[PDB]
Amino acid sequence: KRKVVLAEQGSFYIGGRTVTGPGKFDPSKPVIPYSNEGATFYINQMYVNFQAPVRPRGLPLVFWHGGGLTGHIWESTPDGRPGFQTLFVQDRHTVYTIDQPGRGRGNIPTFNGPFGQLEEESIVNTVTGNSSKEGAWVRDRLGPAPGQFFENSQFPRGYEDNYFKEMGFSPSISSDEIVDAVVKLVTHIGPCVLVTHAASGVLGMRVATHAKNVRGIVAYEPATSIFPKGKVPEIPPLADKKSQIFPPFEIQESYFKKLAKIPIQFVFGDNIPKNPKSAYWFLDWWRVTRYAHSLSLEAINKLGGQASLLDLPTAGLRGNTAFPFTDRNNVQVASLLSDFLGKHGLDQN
């Protein structure tokens, strides 16, 4: 069912700062080709879209895309089925979707000169990085190697091109500045729930420690674990005995303690190996990253928290990739999110 009734919708920019070029601007001189002379540039701002149902119930949801993505992933699946934006407006929540600084409609800070460089100042690095189709295939656990699917896969097969086309690079904007933009959004919205994904997992945890308005977190397949400073537990290397997972983020315990004050759920899909898998780097990476997250959640619970790990196969959902909210069974994944919101009173006024 695709129909949606909106009391209002729209979009806006929030957050960011400015940087200035040298000299002054003279309106009599040729304006194009564009010059840094006399220039003010707005940088690192974030794009925000919202859709509000008639008579909303409970708190607004803020859907935060993973690494190299945009709010598209919450709008539609690669095969054109409704995304979580539609499903949760239908579930009577106001829905915010963002393009964080450096991605999509967010700002990419570059000027007149080599990419990212404002005269002698490097705002972001000129050298970029970006996953290939092959790297993303294994990262997202479509299968163990590019072009191969797990038998049980929930991926919308045949729509591979559409899926990979949604992904791209991110300039080297500091995570501090990304977190700052979302803190400002949360201040603007009021009490809300963060729904994060992969690279935005750790960022949403950070936002919650800075913003009391974050009343809950659901994180799909978070990519970086978080611990109190100096209390990082022993985490093994990968099965190749050379690689490590992403270095866990460390925060002062007084901020970490704030995570114990709200319900937090991490959600993982399928096909994460239980045992070392030296032949398949990313499968093994996910094994150890999921383990690190289990210890992070345990640390929150030892501070009086209510932090849980939901493995979708234990709820009867088999074959999900690292994007469960765009997989073929995404309605069932959404149902489990609604269950979490309902259990914690986040769907009541």
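Residue indices: 1-based, along the sequence shown.
On average the C-alpha atoms of 230-238 have higher B-factors than those of the other stretch, with 267-275 and 230-238 being the two compared. Higher mean CA B-factor, judged across 42-50 and 56-64 from the recorded values: 56-64. Highest C-alpha temperature factor among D99, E120, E134, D79 per the entry: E120. Highest C-alpha temperature factor among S153, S225, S200, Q90 per the entry: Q90. When the CA B factors of the chain's modelled residues are split into thirds, the value for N301 lands in the middle one.
When the CA B factors of the chain's modelled residues are split into thirds, the value for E75 lands in the lowest one.
For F111, the recorded CA B-factor ranks within the middle third of the chain. Only modelled residues enter the ranking. Sorting the modelled residues of the chain by their CA temperature factor places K24 in the highest third. Annotation for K212: C-alpha temperature factor in the highest third relative to the rest of the modelled chain, per the entry.
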